[PDB]
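Data first, discussion second: the structure below is written as structure tokens.
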Amino acid sequence: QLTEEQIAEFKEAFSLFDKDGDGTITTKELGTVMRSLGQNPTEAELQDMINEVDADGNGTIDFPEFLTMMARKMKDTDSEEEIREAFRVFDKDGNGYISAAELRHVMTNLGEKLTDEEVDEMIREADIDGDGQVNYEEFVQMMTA
Amino acid sequence: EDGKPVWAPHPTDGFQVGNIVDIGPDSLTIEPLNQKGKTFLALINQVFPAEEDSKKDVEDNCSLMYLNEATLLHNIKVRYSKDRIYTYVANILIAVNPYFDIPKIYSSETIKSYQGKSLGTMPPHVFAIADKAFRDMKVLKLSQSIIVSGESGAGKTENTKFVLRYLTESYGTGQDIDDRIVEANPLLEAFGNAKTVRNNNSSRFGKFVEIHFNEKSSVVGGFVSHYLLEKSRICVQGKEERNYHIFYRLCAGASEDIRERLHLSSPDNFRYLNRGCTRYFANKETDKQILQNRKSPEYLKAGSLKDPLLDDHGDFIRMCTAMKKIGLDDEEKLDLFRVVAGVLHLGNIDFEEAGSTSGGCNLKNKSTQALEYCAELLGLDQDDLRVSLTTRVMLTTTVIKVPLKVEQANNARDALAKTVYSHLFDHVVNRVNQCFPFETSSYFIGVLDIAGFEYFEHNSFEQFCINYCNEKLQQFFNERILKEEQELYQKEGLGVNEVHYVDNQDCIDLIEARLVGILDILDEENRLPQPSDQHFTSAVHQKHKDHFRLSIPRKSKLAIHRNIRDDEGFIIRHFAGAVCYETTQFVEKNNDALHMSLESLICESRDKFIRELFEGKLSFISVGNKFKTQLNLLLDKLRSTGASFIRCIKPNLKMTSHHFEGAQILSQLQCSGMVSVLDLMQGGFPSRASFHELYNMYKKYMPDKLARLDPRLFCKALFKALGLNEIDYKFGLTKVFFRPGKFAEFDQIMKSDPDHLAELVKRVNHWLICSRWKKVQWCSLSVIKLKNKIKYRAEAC
């Protein structure tokens, strides 16, 4: 299961899944977020895990169903490998650092609207060591907090 | 606040706009906005706060900044000229009859548009309730009920037909049961529907048309059940009222080859018709078709009754067309007229006092030929019927005959008419249910339709049982509303909170409690050797001397009620206010005396159709208990099912299109229990707005940086910036919830100093960058955890 502080951070992330604001998502909505962030599932497989969690019979994923849709008992190092795989979606050139240009590409693909001055403002707060780029150590202190 | 508009009590419109220019301890000096210089006085409880933008309407009434009955009345005034007749108040649908057919709303393309769509996201319509009730049947694993109230002409017939249309189109694949109720509607317009002081065509029974669903989700059958009937109306009526409509439509529509077989005569002759109104409903064309011998002196003097739809001569034809369609032949149709005519020739039998010989009563000599023409309609012997209407048969084990008193024989003769017609209406309903037998039973979606809170200037015993039935339904109404709100707060993640509930159990205990209740004293008065109505009235204020739900008539502000003497009536406060009832004839209308000597004679009839109607201890039985016992068989059935409350509004007295009367609509908001439920919701969070609603309202007042954000983060940043109190303002899952008057307080914070607001947005700018980082970081970790779920699941395949 998930902790209360882990549910709170996924609750704000669910607004990027549910952009319409009705509190519930379909396969037209949960498909378009996966494909916008580089992952292409097949419709049959994402239907099968919807038919696990949805008890309503309607095929529409609300927030408590979305929580049990990504939950599973995993081992200790499996967890750390998921955080590292997330870092690698932000890093486009694969150098182990996230620049302003690389952070801007994830923002625009998720639909966040922001200026070039705001992108430089974001990187600057996340950076701790003063190089102006976010290494894995600085990425986890921003995530965690 | 000062300067802010409030609603003002205007007699012709209910409420209008207005301002407060002076004030006192109990009163407010109200100056109208449109009529300046008219400056009247109004009390603290008669004024209500109004919203800043009054030119806008809302589909959902929880989106109002001030939720009250004056802003609800203005919401259904604006929606009436936009032709939006359906209005969403939580789990309550408010439907207003327009008396005209609106385009495309009843369309089959519209029906399949609503199908399976989420709730609240589609415009309000009656098909959005029927689709919800199918989904909160199969998912819930429980049966459902649609509750339809309102007065006649409010669209309660038409709303029922749209429910049965949606179930045999959207989910039922075949089964043509929907219009078999509609096709045999004139049978229930004759047998069950009567005429009351404020309604020309009123249903006087609890119609429970149920639709059976199997486990495979198909319509397997329907069934029509009936509850309640006005036992008194059968034999004695009020001023200007009628009996049931089959006792006028058979008189008006009968031919002379039928009149010779039933021995029918004009209504003036018959005691169960001459007490009230004898006039027929008709139009100019059918007034020419009514025969001279069917006309009463009152008909000659005052003519036909005017109604745009009712025709007692022509609807008897459309009744006999419907008996041919449903399943009745002409011989069986004639046997449903022999029982009705036998009731008419029973009421003219009188009873004098016996000549000292053995005590008791005897029949009058003027009632001799009247008994001969009645006993062949009942299939009994005239010498055995005379004994049975005068004696109490018992045994000493020989079998003796002990005569009854004169008043007990008048009550026993009318008890036979309140037993034969009671089992005749139960035979009509059972015959109709045998014209469409259900295949099987499992789950069910039914429609309960009954008359609303109906009352007149002087109220009778018939209206006492209607308002007592609506008080018990008002208890279950508020019980279902509180349960919906408690599982809304949990669903939005707000959790449990304290809310105050209003009780009406003290009004129920007043009317029906054992030994001390009003119906319990009434049934005891029948047992006394000399019943009285002055002793009944004084006994009510004997046992209930205190309480607020009951006062003397002279305590009333109304002059008409102040003319009633202390022993002639009482005032009982109900959910719809203080209703006076007179006590004259109350005990007489309650008293029924069907005893062994007569109950075991009508069952023993030589006629076969009569024995089919009827399928020591207790003597006089318990008459005031049958009204409580039959109602408890429906209230616990309503507690065992889900509920879908559809309140029906009549907009004007004439019943004509495009007319709004706010002195008649507001009286139905306070007589529907709607205002009571809005009082309940002030205890909770009555005002709630989605994130997309608050984004469209307040983005223009915000800085361009904050405006760029998505609706949920826009509202989250705005709530954090302002620093709002946690017990007054609550951040939900799809909506922001507010305490009373705090959505209004919120709207004034946004309209206050732009520089101050800009500085508070500057102070939350670090948190907002950190929130916008964690939003895209935990969303990318969400896609990776759903990638790890697809692999984990496919590892066990």
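How things are named: the first chain in the structure tokens is A, the next is B, and so on; residues count from 1 in each chain; ligands count from 1 in the order shown.
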
Can you tell me which residues surround region 40-49 of chain A at a distance of at most 10 Å, considering only C-alpha atoms, apart from same-chain residues fewer than 6 positions away, and format the answer as a list in words?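 My list of contacting residues is residues 27, 28, 30, 31, 32, 33, 34, 59, 69 and 70 of chain A; 786, 787, 789, 790, 793 and 794 of chain B.
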
Set the distance at 7 Å and use only C-alpha atoms: which residues neighbour region 344-361 of chain B once local chain neighbours fewer than 2 positions away are removed? I'd like the list as a short mmCIF file (atom, residue, chain, number, x, y, z; two decimals) with N, CA and C atoms, in the first residue's frame.
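Output file selection_17.cif is given in full below:
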data_model
loop_
_atom_site.label_atom_id
_atom_site.label_comp_id
_atom_site.auth_asym_id
_atom_site.auth_seq_id
_atom_site.Cartn_x
_atom_site.Cartn_y
_atom_site.Cartn_z
N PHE B 270 -79.82 9.42 -5.11
CA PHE B 270 -78.87 8.63 -4.35
C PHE B 270 -78.14 9.41 -3.26
N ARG B 271 -78.25 8.93 -1.99
CA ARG B 271 -77.65 9.56 -0.82
C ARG B 271 -76.13 9.62 -0.84
N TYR B 272 -75.47 8.71 -1.57
CA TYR B 272 -74.02 8.74 -1.68
C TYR B 272 -73.54 9.65 -2.80
N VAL B 340 -71.28 -1.48 -8.93
CA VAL B 340 -71.38 -0.04 -8.74
C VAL B 340 -72.82 0.40 -8.52
N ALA B 341 -73.77 -0.13 -9.31
CA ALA B 341 -75.17 0.19 -9.13
C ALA B 341 -75.78 -0.37 -7.85
N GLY B 342 -75.22 -1.46 -7.30
CA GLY B 342 -75.66 -2.00 -6.02
C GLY B 342 -75.28 -1.15 -4.84
N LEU B 363 -86.16 -1.43 9.65
CA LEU B 363 -86.06 -0.59 8.47
C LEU B 363 -87.30 0.27 8.32
N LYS B 364 -87.19 1.39 7.58
CA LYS B 364 -88.34 2.23 7.30
C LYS B 364 -89.20 1.66 6.18
N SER B 367 -88.36 2.38 2.64
CA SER B 367 -87.17 1.70 2.21
C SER B 367 -87.43 0.27 1.83
N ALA B 370 -86.93 -0.20 -2.16
CA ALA B 370 -85.55 0.10 -2.35
C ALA B 370 -84.64 -1.03 -1.95
N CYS B 374 -82.33 -3.76 -4.66
CA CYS B 374 -80.93 -3.80 -4.32
C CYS B 374 -80.45 -5.21 -4.09
N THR B 390 -79.57 -5.60 10.88
CA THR B 390 -80.16 -5.16 12.15
C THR B 390 -79.68 -5.93 13.36
N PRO B 403 -80.36 -7.72 18.41
CA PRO B 403 -80.42 -6.49 17.62
C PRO B 403 -79.47 -5.37 18.00
N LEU B 404 -79.14 -4.51 17.02
CA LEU B 404 -78.26 -3.37 17.15
C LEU B 404 -79.04 -2.08 17.30
N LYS B 405 -78.38 -1.00 17.75
CA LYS B 405 -78.97 0.31 17.87
C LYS B 405 -79.05 1.00 16.51
N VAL B 406 -79.90 2.03 16.39
CA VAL B 406 -80.12 2.77 15.15
C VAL B 406 -78.85 3.38 14.57
#

Please return, as a count of residues only, all residues of chain A that DSSP assigns to strand (DSSP E or B) on the basis of the backbone. 8

Please provide as a PyMOL selection string all residues within 10 Å of region 455-467 of chain B, with the sequence filter that same-chain residues fewer than 2 positions apart are discarded (counting only C-alpha atoms). chain B and resi 196-198+204-205+228-233+237-238+450-453+469-473+511+560-561+569+572+574-576+579-590+627-628

Straight-line distance linking CA of residue 418 (chain B) with CA of residue 235 (chain B), stated in Å to one decimal: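 Separation of CA of residue 418 (chain B) and CA of residue 235 (chain B): 7.6 Å.
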
Could you list, with a cut-off of 9 Å and counting only C-alpha atoms, the residues of chain A near chain B, each shown with its nearest atom pair and the distance in Å rounded to one decimal, rows sorted by chain and ascending number, as a tab-separated table?
residue	atom	partner	partner_atom	distance
A:9	CA	B:778	CA	6.7
A:10	CA	B:778	CA	6.1
A:11	CA	B:733	CA	8.4
A:12	CA	B:775	CA	5.9
A:13	CA	B:775	CA	4.8
A:14	CA	B:779	CA	7.2
A:15	CA	B:712	CA	6.8
A:16	CA	B:779	CA	7.1
A:17	CA	B:779	CA	8.0
A:19	CA	B:710	CA	7.8
A:20	CA	B:692	CA	8.0
A:21	CA	B:734	CA	6.5
A:22	CA	B:734	CA	6.4
A:23	CA	B:734	CA	5.6
A:33	CA	B:783	CA	8.1
A:34	CA	B:783	CA	6.2
A:37	CA	B:780	CA	7.4
A:39	CA	B:783	CA	8.0
A:41	CA	B:787	CA	8.6
A:45	CA	B:790	CA	7.3
A:46	CA	B:790	CA	7.8
A:49	CA	B:790	CA	7.8
A:55	CA	B:139	CA	7.8
A:56	CA	B:139	CA	6.1
A:57	CA	B:139	CA	7.2
A:58	CA	B:116	CA	7.6
A:63	CA	B:733	CA	8.6
A:69	CA	B:786	CA	7.3
A:70	CA	B:786	CA	5.4
A:71	CA	B:785	CA	7.8
A:72	CA	B:789	CA	7.6
A:82	CA	B:784	CA	6.9
A:83	CA	B:781	CA	7.1
A:85	CA	B:784	CA	7.6
A:86	CA	B:781	CA	5.8
A:87	CA	B:777	CA	8.7
A:89	CA	B:780	CA	7.8
A:90	CA	B:780	CA	8.9
A:106	CA	B:776	CA	7.7
A:107	CA	B:776	CA	7.1
A:110	CA	B:776	CA	7.3
A:112	CA	B:709	CA	7.3
A:113	CA	B:708	CA	6.1
A:114	CA	B:708	CA	7.3
A:118	CA	B:769	CA	8.8
A:121	CA	B:769	CA	8.2
A:122	CA	B:769	CA	6.2
A:125	CA	B:766	CA	8.2
A:126	CA	B:770	CA	8.4
A:142	CA	B:774	CA	7.7
A:143	CA	B:774	CA	6.1
A:144	CA	B:774	CA	9.0
